[PDB]
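Structure assessment
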Amino acid sequence: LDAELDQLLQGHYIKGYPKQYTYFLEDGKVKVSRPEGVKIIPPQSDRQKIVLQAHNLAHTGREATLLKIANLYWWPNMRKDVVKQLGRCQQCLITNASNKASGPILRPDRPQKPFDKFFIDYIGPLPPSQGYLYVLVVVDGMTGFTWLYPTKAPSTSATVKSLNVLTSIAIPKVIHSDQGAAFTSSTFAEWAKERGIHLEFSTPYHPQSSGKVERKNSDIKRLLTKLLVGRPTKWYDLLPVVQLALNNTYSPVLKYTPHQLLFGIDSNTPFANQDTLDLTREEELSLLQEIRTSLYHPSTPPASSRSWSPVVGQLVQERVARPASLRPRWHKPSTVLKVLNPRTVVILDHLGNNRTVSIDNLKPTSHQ
Amino acid sequence: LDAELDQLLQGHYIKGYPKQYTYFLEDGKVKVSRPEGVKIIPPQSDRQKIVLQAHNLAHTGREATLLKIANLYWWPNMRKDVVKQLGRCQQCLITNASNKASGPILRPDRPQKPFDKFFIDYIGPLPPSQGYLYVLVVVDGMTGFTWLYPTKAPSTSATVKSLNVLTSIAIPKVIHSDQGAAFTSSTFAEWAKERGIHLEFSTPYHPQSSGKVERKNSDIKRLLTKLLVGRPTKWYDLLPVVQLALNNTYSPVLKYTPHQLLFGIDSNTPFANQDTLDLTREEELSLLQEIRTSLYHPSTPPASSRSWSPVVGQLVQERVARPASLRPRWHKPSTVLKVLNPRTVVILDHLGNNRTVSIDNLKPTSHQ
Amino acid sequence: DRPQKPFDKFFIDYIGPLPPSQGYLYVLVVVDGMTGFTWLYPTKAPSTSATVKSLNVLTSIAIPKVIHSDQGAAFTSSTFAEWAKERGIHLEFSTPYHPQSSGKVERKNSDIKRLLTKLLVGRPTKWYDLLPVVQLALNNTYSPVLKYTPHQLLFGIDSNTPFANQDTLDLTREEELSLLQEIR
Amino acid sequence: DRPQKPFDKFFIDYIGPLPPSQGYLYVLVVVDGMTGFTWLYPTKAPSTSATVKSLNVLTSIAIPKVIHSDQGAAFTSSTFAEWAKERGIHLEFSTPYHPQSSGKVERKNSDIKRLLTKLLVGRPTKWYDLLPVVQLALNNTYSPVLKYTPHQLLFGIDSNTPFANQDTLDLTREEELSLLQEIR
DNA sequence: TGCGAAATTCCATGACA
DNA sequence: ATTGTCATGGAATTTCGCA
DNA sequence: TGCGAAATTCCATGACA
DNA sequence: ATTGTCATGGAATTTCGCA
Ligand SMILES: C[C@H](O)CN1C(=O)c2c3c(c(O)c(=O)n2[C@@]12CC[C@H]1C[C@H]12)C(=O)N(Cc1ccc(F)c(Cl)c1)CC3
Ligand SMILES: C[C@H](O)CN1C(=O)c2c3c(c(O)c(=O)n2[C@@]12CC[C@H]1C[C@H]12)C(=O)N(Cc1ccc(F)c(Cl)c1)CC3
Ligand SMILES: [Mg+2]
Ligand SMILES: [Mg+2]
Ligand SMILES: [Mg+2]
Ligand SMILES: [Mg+2]
Ligand SMILES: [Mg+2]
Ligand SMILES: [Mg+2]
Ligand SMILES: [Zn+2]
Ligand SMILES: [Zn+2]
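Residues numbered from 1 in each chain as written, not as in the entry; some residues may be left out. Chains lettered and ligands numbered in written order. Heavy atoms only, no water. Residues with missing side-chain atoms left out of burial classes, pairs and counts.

Per the deposition metadata, X-ray crystallography was the technique used to determine this entry, at a resolution of 2.7000 Å.

Quick look at the structure:
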């Protein structure tokens, strides 16, 4: 716009250009004497190209792009034009990191009864022991009572075999698992349908969702590590010992062991609690029903100073799962279809697929 | 000590045993009726074995070991005896995690002049490009000015070849590097001695120590990523472009580019700053000397609520570098010989070797 | 005298030899005395080795204070006695030729033997896969004397698999003739 | 008229053919007009390709506003002209047979040619490895006219390698006879 | 009605790779 | 069409033993 | 001597694997 | 015998343009 710049040279006011400055012509270009120095005022029709040229040098953000532009030019609301370019650079949007943390975690209510929800996961590969490499970990959500199964692979077949042994005791309402091949198979879905078991899946690449079993994986490995100090890593024969050990370990915050929450009475294990000896089994089960309901429940922690929470319609970006060397860590912008809760969201990518993702694997697209 | 328990049965006071309780004999053992219930008082000579038996079930900490013991027994200051056992369990000390964070980071003073200190490091392996797999990154500490060299391996030979090209410009006083094979070799030490260059090494497995170059590795990779979007990863021909791009990029906090801090004047690059055009080179170098000294310097951040700081004589434990599956993450306790600064320490392991380590790779041994 | 509790006494016994199913010929039966809860383990023999291998799985969940059995070789061996002493389990035997347990247990072992016989007819070689459903049936079976099922008495909650469809347990004239046909 | 600055003009030229050292036969010489700073690049030929390959390394550190050279084939080619236009570098040529630069530059190229000749005698095939030490020498060499060395004028600091031991640059009677011996 | 010490509770730290 | 968890050992706070 | 908007500064976040 | 660093883009704060 050389027409807009003409009125300025004459001396009459244009909204955006301060009247107190001296606008002139030199070397065939409109100039202005600003405190910083004499800058060139490019016509509106040239500004996009300048911003793009400045930005493209090192694909710089707001201030670093501005500082370059400001070396030669001046125009009203330069950063407004810088931000327009930053918001259109596909390379920057998919390569840059987020600088907004996720909102505070949710502390889902503890399942009310044992067998309401099981959390399952695999540990491994571990050093080979008797031809076994993996461990199938089953955690009852309410009690924390764990069942351990050595497997040769994290397969549907080994999960089914193990769970057919476990479910001889009781059948769970729900089985929560991650999106590992072993649990997302049609063979596993068929196995659950046949038994009235509902399969609930974690958002992908978010093991915090399976937090209950993940945390038990830490204790299993920590104990196996201790027992195997200065000996070959023959863990296969220790799984039963580890299982019994952990199921009978106090949780200092609850002041109960997973065995006690499941049965309301210690079995013939060392240091068995004898406090309900004079109670009848009915009096004992009545006290257990009371203990199970009065357990401590943590609350959501404070939000960090710079957190973001999802909004329907918001342009958001999913994190690349297994990013290759020298490739972007982010996918192209997506739109938030539904906000399931403040930490879970349904998105529609550029393909047109519906994906239920965790906000931990999302960043809000920058510059609107 | 069945002698100590005899005086108690008679009814006369012993320090530690509250007089208000009823101490008796039953089933051939001293008992006490406590609010919790009737507990057995084992003789002092039996307590160590009980604590060890309770602890060994799942190698439990203080409260979880106590809660088991308390199920059957009672004695004065039980936790004092629990903590004695925890402090002697080699398996627990080398397997358990720390729960004390390191003290706040140091913000070393910025080198005063260009060429005072160089920070060097390798990036790679990268996808092969023209037979090259690595990048030798050289960062001048004062300026942030970077030199990039493609290499076929992170070798002493490729470092020497590259640095012989760089040092044709100027020779540094110090070269700071990590403990990578390429820089710790005798051939590299010989190469530096020959040139008056002092080699300074980071504490092992602590890349924050090489923070200056590490941070530049992020920008190099981020820019290569952007330029290679939707194209094969042919990075070899982009190193020169990336080098020039980054050396001429503003640091928003300093309001200077690494080129400007090194030369005090922009070369014929896009958007070159023209503010010193009327100054003589001497006036220009005078202003540069002033700019170099007035640069922003960050200060140590606040200590976290539960941090630990090293003390000479303290029992401390070094982190295992490459821990194997099902093996302890910690080495056996060591003693702090000298405290170089609040974040660096000299230790003596059980072997008798002197090691300069970062507190980030140390935990203070628990239970004194 | 203290009220009866789960894990106070486990009653063990062997069922078989049965037709081979997945290489297995016997079922070790474990019944908790108080709750009446049943655990079934298929073995290849009524041996101490097989008893120990099976009971090592059960004792990784809960350890009984007492194990009760008849004078079968597998239970009277010095090996099985060493195994029990290690776990602090007291062994208890019924008089030879005079097997005694409890009313609740004697009745439970009858239902076990009958339910197994009922499902063996037609598929006598497919019982290995049926052991889990046989246990859920048995453990979700209402107790006339106690008002609660073994599952309720052990966990203090209702089950997600209530076996409301209380079946015959007795053989139909068709199953009866089909059973005598296998006896050839 | 604005004061002279570094990167305002780079004076380029070729030295050679020299005895082969590591396969190289020529040295492209780049002298900054203002500071007198020297960059040396060994080439296998005085070609546009070699000039472009060498200057691509230099222009990754700093780009001159103007390049000055004589009418040598490598610098007058349309390829070298395309290369300069791409980088916004103005090419400037001296009149054929009349090479003009500046007093500071003319003197610098004399020291370069002399220092090279001085070190070529005895080890004429080992100059590739000596190029870094030759440059540090040249750049840490005090300027009578300006009071400062090219290193000081370019970085605004003293160097860690001061070449206080100001040598001859002239050939000794032993080096003179040894030089004429090679001329065979 | 209050003191010193012991017992209990709190809770940041870190790992489930 | 879902969602972090909790053992750990110093510190902070409460309770105990006695008066 | 004070208003609205623009410009600048602040700074938590996250990655150097 | 050593030690974190700094681009990034919303928010917070300051400065500018005008009166
Ligand atoms: C392709 C690649 O293998 C994908 N993948 C994992 O990386 C992975 C992890 C874990 C799994 O259970 C798990 O299944 N996987 C899968 C996804 C499904 C199946 C292929 C396996 C896992 O537990 N960890 C440890 C971890 C780390 C941080 C935490 F906060 C928590 Cl709570 C746990 C994190 C890595
Ligand atoms: C045997 C094993 O290869 C050992 N090892 C590394 O793991 C490693 C890293 C790094 C190196 O430079 C590096 O040299 N190494 C070496 C040690 C010496 C040589 C064998 C290589 C490195 O930069 N990163 C990224 C990183 C991560 C977190 C940070 F806070 C920072 Cl500032 C950087 C962390 C991993
Ligand atoms: Mg998993
Ligand atoms: Mg996992
Ligand atoms: Mg390195
Ligand atoms: Mg590194
Ligand atoms: Mg019998
Ligand atoms: Mg010439
Ligand atoms: Zn960009
Ligand atoms: Zn231990």
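**Overview of the overall build of chain A**
When you go through chain A residue by residue, the secondary structure sums to 12 helices and 15 strands. Computed over its C-alpha atoms, the radius of gyration of chain A comes to 31 Å, more than 25% above the 21 Å expected for a compact globule of 368 residues. A separation of at least 24 residues holds for 55% of the contacts in chain A among residues at least 6 apart in sequence. (Helix = DSSP H or I, 4+ residues; strand = E, 2+ residues; numbered from the N terminus. Rg over C-alpha atoms; globule rule 2.2 N^0.38 Å. Contact = heavy atoms within 4.5 Å.)

**Regarding the interface of chain B and chain A**
In this complex, chain B contributes 55 residues to the contact, which on the side of chain A involves 55 residues. Among the elements of the structure, α2 (44–56), α3 (62–69), α5 (90–95), α9 (211–227) and α10 (239–247) of chain B are those that each provide at least two residues to the side of chain B that touches chain A. Of the residues in the side of chain B that touches chain A, the class split is 29 nonpolar, 15 polar and 11 charged. (Nonpolar A, V, L, I, M, F, W, Y, C, P; charged D, E, K, R; others polar.)

**A word on the packing of aromatic side chains**
All names here are of chain A. By the definition in use, this model includes 48 aromatic pairs over all chains. Judged by centre distance (5.7 Å) and plane angle (15 degrees), the rings of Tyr122 and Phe183 are stacked. Placement of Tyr122 in strand β5 (residues 117–123) and of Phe183 in helix α7 (residues 181–184) is noted, with a sequence separation of 61 residues between them. On the basis of relative accessibility, which here comes to 2%, the residue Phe183 falls in the buried class. Pairing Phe145 with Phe263 gives two aromatic rings, centres 5.9 Å apart and planes at 90 degrees, and the pair type is edge-to-face. Remark: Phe263 occurs in helix α11 (residues 258–263) and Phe145 occurs in the loop between β6 (134–140) and β7 (146–151); sequence separation between them is 118 residues. (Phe/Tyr/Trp six-rings, centres within 6.5 Å; stacked < 30°, edge-to-face > 60°. Buried < 20%, exposed > 50% of the residue type's maximum accessible area, 1.4 Å probe, protein only.)

**Brief notes about the side chain of B:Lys68**
With respect to the helices and strands, the residue B:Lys68 is situated in helix α3. One buried charged residue, B:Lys68, forms no salt bridge at all, with the nearest opposite charge on A:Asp266 at 4.9 Å. (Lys, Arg positive; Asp, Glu negative; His and termini not counted. Salt bridge = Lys/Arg side-chain N within 4 Å of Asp/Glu carboxyl O.)

**Considering the packing of helix α6 (residues 156–166) of chain B against helix α8 (residues 186–193) of chain B**
Residue and element names in this part refer to chain B. One can describe the packing of α6 onto α8 by two numbers: an axis separation of 9 Å at closest approach and a directional angle of 20 degrees. Relative to α8, the element α6 lies roughly parallel. Helix-helix and strand crossings are classified by hand; for α6 and α8 the assignment is right-handed. Residues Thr156, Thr159, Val160, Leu163 and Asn164 of α6 touch α8, and the partners they reach there are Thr187, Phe188 and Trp191. Each residue belonging to the contact of α6 with α8 can be placed in one class, and the counts come to four nonpolar, four polar and no charged. (Axes fitted to C-alpha atoms, helices over the stretch in contact; angles between N-to-C directions. Parallel < 35°, antiparallel > 145°, perpendicular 65-115°, else oblique. Left-handed = near helix turned anticlockwise from the far one by under 90°.)

**Quick notes on the protein's contact with DNA strand H**
Residues in contact with DNA strand H amount to 44 residues; listed here are only the nearest, A:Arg62, A:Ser366, B:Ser209, B:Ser251 and B:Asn341. Per the 4 Å cut-off to the protein, sugar and phosphate atoms form 66% of the nearby atoms of DNA strand H. A:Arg34 places a side-chain nitrogen or oxygen 2.8 Å from a phosphate oxygen of DNA strand H. Between A:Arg306 and DNA strand H, the recorded distance is 3.0 Å, taken from a side-chain N or O atom to a base nitrogen. Among the secondary structure elements, those contributing two or more residues to the surface near DNA strand H are α3 (62–69) of chain A together with β9 (198–201), α9, β12 (334–341), β13 (344–348) and β14 (354–358) of chain B. (Near = heavy atom within 4 Å. Polar contact = N/O pair within 3.5 Å; in protein donor to acceptor, adjacent residues only side chain to side chain.)

**Observations regarding the coordination of the zinc ion (ligand 10)**
Residues and elements named next belong to chain B. Within the protein, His55 (NE2), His59 (ND1), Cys89 (SG) and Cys92 (SG) serve as the donor atoms for the zinc ion (ligand 10), at 2.0 to 2.3 Å. Donor residues binding the zinc ion (ligand 10) come from one chain and are separated in sequence as H-x3-H-x29-C-x2-C. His59 shares its class with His55; the two are buried. (Donors = N, O, S within 2.8 Å, 3.2 Å for Na, K, Ca; no water.)

**Focus: the domain arrangement of chain A**
All names here are of chain A. Domain boundaries assigned for chain A yield domain 1 (5–97), domain 2 (98–105 + 304–365), domain 3 (116–249) and domain 4 (250–295). The centre of domain 2, based on its C-alpha atoms, is set 29 Å off from the matching centre of domain 3. The interface is formed by nine residues belonging to domain 2 together with five residues belonging to domain 3. Of all residues in domain 2, the largest losses of buried area upon contact with domain 3 belong to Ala321, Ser358 and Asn361, amounting jointly to 53% of the total for that side. One can count zero salt bridges joining domain 2 with domain 3. Here domain 2 and domain 3 share four residue pairs in polar contact between them. (Domains from an automatic or database assignment. Buried area = accessible area lost by both parts, 1.4 Å probe.)

**What about the protein's contact with DNA strand E?**
Close to DNA strand E lie 19 residues; A:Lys221, A:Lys255, B:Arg79, B:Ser304 and B:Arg306 are nearest. The share of sugar and phosphate among atoms of DNA strand E within 4 Å of the protein is 74%. Within the side chain of B:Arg62, one N or O atom sits 3.2 Å away from a base oxygen of DNA strand E. B:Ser304 has a polar side-chain atom sitting 2.6 Å from a phosphate oxygen of DNA strand E. Elements supplying a minimum of two residues to the surface near DNA strand E: α9 (211–227) of chain A together with α3 of chain B. In terms of residue count, α9(A) provides more of the surface near DNA strand E than any other element does, five residues in total. Among the residues making up the surface near DNA strand E, the classes are represented as two nonpolar, seven polar and 10 charged.

**Let's talk about the sheet that holds strand β3 (residues 38–43) of chain D**
Residue and element names in this part refer to chain D. The strand order β3-β2-β1-β4-β5 describes an open sheet built from five strands, whose pairing is mixed. At either end of the open sheet lies a strand with only one pairing partner, and these are β3 and β5 (90–93). With strand direction ignored, the average angle separating the axes of adjacent strands in the sheet is 25 degrees. On top of the sheet, helix α3 (residues 78–86) reaches β1 (10–15), β4 (66–69) and β5; it is set at about 135 degrees to β5, its chief contact. The strands touched by helix α5 (residues 127–139) within the sheet are β2 (26–32) and β3, with β3 carrying the most contacts at an inclination of about 165 degrees. (Pairing = 2+ DSSP bridges.)

**Some points on the site of ligand 2**
Residues and elements named next belong to chain B. The full set of residues close to ligand 2 is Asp121, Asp178, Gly180, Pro207, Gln208 and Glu214. In this structure, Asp121 approaches ligand 2 through a side-chain N or O atom, which is 3.2 Å from an oxygen atom. A distance of 2.8 Å separates an oxygen atom of ligand 2 from a polar atom in the side chain of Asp178. Considered on its own, ligand 2 offers 660 Å² of accessible surface; in the complex 39% of this is hidden by protein. In terms of residue class, the shell around ligand 2 is built from one nonpolar, two polar and three charged. (Areas by Shrake-Rupley, 256 points an atom, 1.4 Å probe, with all protein chains shown as cover.)

**With respect to the site of ligand 1**
Residues and elements named next belong to chain A. By nearness alone, every residue bordering ligand 1 is listed as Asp121, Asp178, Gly180, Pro207, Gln208 and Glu214. Here an oxygen atom of ligand 1 sits 3.2 Å away from a polar atom, N or O, in the side chain of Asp121. In the model, an oxygen atom of ligand 1 is placed 2.8 Å from a nitrogen or oxygen of the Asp178 side chain. For ligand 1, the accessible surface in isolation is 660 Å², of which the surrounding protein chains cover 38%.

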